[PDB]
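So this first bit is one chain, no partners, the form deposited in one PDB entry, shown in C-alpha cells.
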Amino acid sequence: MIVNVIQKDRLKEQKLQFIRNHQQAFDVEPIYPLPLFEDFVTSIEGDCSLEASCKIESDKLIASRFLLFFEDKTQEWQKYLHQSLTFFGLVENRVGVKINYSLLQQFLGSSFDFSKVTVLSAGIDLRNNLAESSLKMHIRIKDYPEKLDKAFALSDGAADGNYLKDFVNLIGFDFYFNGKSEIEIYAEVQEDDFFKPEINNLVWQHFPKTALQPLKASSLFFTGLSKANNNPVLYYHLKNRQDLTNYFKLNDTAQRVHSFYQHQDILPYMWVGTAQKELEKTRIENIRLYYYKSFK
C-alpha cells in the first residue's frame, strides 16, 4: 500500500515536470489558464500520456498546447469523459466563458457505445487572446459506422467524400472560449498498408511527390479534415523524432523546438503536422510539432 502512495505522488510530479519543461522553454510566463490544466492532470490517478506541442507560424511560436490521453487499461471511457467535461466546466467558471458543446452532444447523441472507444484525450490550446484559446478532445472509434456517419454529417462538407469513411477512426473536437466550436475528421493510413495498390489508387496519387517522402520514416499517416483548417493538414508519425530534420526543411523557430527536444527525457516518436503546400517549398514556414511522455 505504501508503494502505491509513493508512486501516486511521483507520477503527479513527473507529469507537472513534463508540462513545466515545455512551458518554461518557450514562454517565460504561463498562459492563463494553464494552472487549471495542471490541476486536471494532477487529479487523474491512472496511467496516462501527455502531449506537449508547438505550432510555428513563420517566427511566431505558439507553445501553450497540451493534451492528456486516458490510458488506464480499465477502459472506463464514460468516467474519463465525465472527468474531462468536469474540467471544461471549471474552465468555464474561472475564465467566465461559455463553451459551445453542440458538436460533441450531437456526436455522442443519445445512444453512445463506449465499448467502441479506443482513445480519449482532453486538453488545451491557449492564447493571450482569450477568444482564440480552445479546449480540445479526441475520441477514437473502432467498428462504429453509425458514429462515423454522424461525424461526417457534422463536418459540414469538410468531409471531402464518403469514400473516406474507410480511413477514419479519430474524431477531433475543438471548443473555443468565444463559443465557436469545430469538428475534425482524420483519415489514416497505417504503415502495413503504405505499399498496397489500393492505397496508391485512393490516397497517394492525389498527393504531390514531396508529401510521400516522409512516409519512409513514418509508422502512421493522417490527413486532418476540418472547415477550421485553411488547408488539409498532413500528419506524419515519425518513429524517431531525430529524423525530423532529415525529412522536413525546418525554419529557425522550428529548429529551436527540435533542438530543445533532442535530449529531453521523452518518448522516441513524435508527430509532425504541416499543410501539403509547405512541403512543396524550399523551407517550411508553418508546422506543428508534437512530443510525448507516458506515465505508468
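Basically, rigid core = biggest C-alpha set you can superpose within 1.5 Å across the two forms. Start at 1 and count along the sequence shown; that's the residue number.
Omitted from view is the form deposited in another entry, to which the following refers.
With the rigid core aligned between this form and the one not shown, the listed residues 245, 42, 229, 240 include just one Cα displaced by at least 2 Å, namely that of 229. Once the rigid core is overlaid between this form and the one not shown, residue 159 counts among the residues whose Cα shifts by 2 Å or more. In that other deposited form, the CA atoms of residue 230 and residue 88 move farther apart by at least 3 angstroms compared with the shown structure. Inter-residue distance, residue 59 to residue 229 (Cα): increased by at least 3 Å in that other deposited form versus the depicted form.
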